[PDB]
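Report on one structure; see the data block that follows.
Here the Cβ positions follow ideal geometry from the backbone for every residue, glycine too, while neighbour counts run over all protein chains shown. Just so it is clear, none of the values below were taken in a lab; they were calculated from the coordinates.
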Amino acid sequence: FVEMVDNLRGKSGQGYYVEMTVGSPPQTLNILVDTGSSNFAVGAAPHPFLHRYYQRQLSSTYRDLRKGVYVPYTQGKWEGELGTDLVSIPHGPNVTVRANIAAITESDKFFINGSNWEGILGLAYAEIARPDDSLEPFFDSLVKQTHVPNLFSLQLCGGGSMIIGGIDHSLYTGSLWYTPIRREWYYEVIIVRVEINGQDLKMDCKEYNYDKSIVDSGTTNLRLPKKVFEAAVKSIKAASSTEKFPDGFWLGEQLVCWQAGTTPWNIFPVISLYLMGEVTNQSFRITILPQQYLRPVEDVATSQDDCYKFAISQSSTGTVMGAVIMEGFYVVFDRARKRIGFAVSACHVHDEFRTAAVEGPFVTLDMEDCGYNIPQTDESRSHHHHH
Ligand SMILES: CCCc1cscc1C[C@H](NC1=NC(C)(C)Cc2cc(Cl)ccc21)C(=O)O
Ligand SMILES: [Zn+2]
Ligand SMILES: [Zn+2]
Ligand SMILES: [Zn+2]
């Protein structure tokens, strides 16, 4: 897949984007790759932080679906008008498809200064598409209309590659290990064990996946459920206790610095997440270096210093394995086989003495179902799904 290597740009803090062309003649736009959502949505009116956007009036192949859509986040919102147009990925597969496109007409705190993407590509499943699961996501349209294989892989480099329809063995080293997709909505997986510098957190493993665990290229941080977040911070604090940081650091709200080149990497522990194997009673681990969760941020005054933000944060909506965790790894989203693969990426994050790793198997004489069952609402229970 030589044509698809290096088809991503961006960083964990602002997102990774791929070029896509919409309409005819083709309008080229840079589009955020988001495995945490399922809508293809592009800015479609002027915005102070955009200079280009999708002009529906310039596309001869645009069709209005005459239905609006409103997508609120905790942190902002986008809204728009649904339609369809021709869509290609110029540094992707040699195919063109008719896809749904939400033309974003208004938004709040969605587009950010200097991100360089004008739209989001929701790669997750129809169950979570807005307004409902009848709006076919982009990837489903791609596979249905072209028989490209039903899989894509992400190598995020903190630069990167989204390989559509296959696995490129140049982008990884060592074994690819697969964890099952628990349910096809988010890319949901199950964590069976957590260690921080070799020490087991020793929590009921359902706590790890409360109320889900997901792989999300649209989220910067590793996000952890409250109880797990507190046990991890306690453990990382213990390891690094030669350094007393302000509370705002552990909250992600403040940088901590050392003199250029002197950052004591060794006092920050590795985190291993053991993911359910394809074989019952097997798991494998992904091992995250401190350089993945302590992220450099160059502030104006501190030119003499390397300064860092803590990129693990508390969640009330489950574990999120966001971009800073994926950056170590070649991640295969094998929708055909309902599984996600992890291998050590060819773009390595390095540490003096330790390596981000993917290792297995680890066998357990049980476990234990570590999956959590989200309490079924009457709203969910009642919608009919006639497919
Ligand atoms: C790696 C992408 C990071 C990135 C680009 S813009 C903001 C971020 C940080 C991200 N939040 C968001 N992600 C996307 C996928 C764009 C969805 C969304 C919508 C709104 Cl209305 C506000 C923030 C975010 C996070 O919470 O971590
Ligand atoms: Zn190009
Ligand atoms: Zn019905
Ligand atoms: Zn349905």
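Residue by residue, the range 289-306 carries 3J(HN,Hα) couplings of 6, x, 5, 7, 9, 10, 10, x, 9, 8, 7, 4, 5, 7, 4, 7, 10, 8 Hz when phi is fed to the Karplus relation 6.51 cos²θ - 1.76 cosθ + 1.60 (θ = phi - 60°); x denotes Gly or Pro.
Taken one residue at a time, the phi angles of the range 175-188 give Karplus couplings (6.51, -1.76, 1.60, θ = phi - 60°) of 7, 8, 10, 10, 10, x, 6, 4, 7, 8, 9, 5, 7, 8 Hz. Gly and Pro are set to x.
Distances between placed amide hydrogens fall under 5 Å for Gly218 paired with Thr35, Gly36, all partners being 5 or more residues away or on another chain. For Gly252, the residues whose amide H sits under 5 Å from its own are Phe310, ignoring neighbours fewer than 5 places away on the same chain, with H placed 1.01 Å from N. 3J(HN,Hα) along the range 206-222: 4, 4, 4, 10, 9, 9, 7, 10, 9, 9, 9, 5, x, 10, 6, 7, 7 Hz, from the Karplus curve 6.51 cos²θ - 1.76 cosθ + 1.60 with θ = phi - 60°, whole Hz, x for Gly and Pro. Need one number: the % of Cα-Cα pairs in the range 1-104 sitting beyond the 21 Å mark. The share of Cα pairs beyond 21 Å in the range 1-104 comes to 36 percent. Among the chymotrypsin sites (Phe, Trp or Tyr not before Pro) found in the range 314-387, those both in a DSSP coil and sparsely packed, with 13 or fewer other Cβ atoms within 10 Å of their Cβ, are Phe353. The modelled label-to-label distance between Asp108 and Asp132, using points 7 Å beyond Cα along the C-beta direction, is 2.6 nm. Amide H contacts of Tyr172 (H built 1.01 Å from N, in plane; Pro and chain starts excluded): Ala346 sit under 5 Å, all sequence-distant by 5 or more or on other chains.
Working note: 222 nm ellipticity from helices only, DSSP H runs with n ≥ 4, each -39,500 (n - 2.57), summed and divided by the residues of the chain, gives -2500 deg cm²/dmol to the nearest 500.
The alpha-carbon of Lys309 sits under 23 angstrom from the alpha-carbons of these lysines, leaving out residues fewer than 8 places away in its chain: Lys11, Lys109, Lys226, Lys227, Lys234, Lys237, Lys244.
Fully extending the segment from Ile374 to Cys257 would add 38.0 nm, taking 0.36 nm per residue of separation and subtracting the current Cα-Cα distance. Stretching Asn281 away from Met367 to a fully extended chain increases their span by 30.3 nm, per 0.36 nm per residue minus the current alpha-carbon distance.
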